[PDB]
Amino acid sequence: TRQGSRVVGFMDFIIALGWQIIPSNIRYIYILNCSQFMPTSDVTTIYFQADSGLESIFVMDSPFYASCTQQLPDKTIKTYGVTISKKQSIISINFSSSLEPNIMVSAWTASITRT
């Protein structure tokens, strides 16, 4: 099993990611997760340069796909699709619509299995 982390300063906020590769007879499992974070603007994309560790989970053609939420002051919940892709050393995290500023986003986990 291989694992690592990456804490990213994006604009004026922090997002904290972890990755794992879990090998077995049947499959390799590629895990990407992210702690809760508070964006400071109407972010649609978070991007950064990855090192070799995090790069190593982007083995499939398909991006990772997860979901997350924010709770509005009126208590309605917004759900966002989260698509995480790599081009060269740049990782991009794309949200299905722009996030609300200054509201916490829930932690999320993506998982890809390669047979």
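Sequential numbering from 1, following the sequence displayed.
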item	value
Selected stretch [higher average CA B-factor]: 61 to 69 or 43 to 51	43 to 51
Mean Cα B-factor comparison, 29 to 37 or 84 to 92, giving the higher one as deposited	84 to 92
Third of the chain, ranked by Cα B-factor, where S24 sits	highest
Ranked C-alpha temperature factor of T1 among modelled chain residues, by third	highest
Chain third (lowest, middle, highest) by recorded CA B-factor, residue given as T113	middle
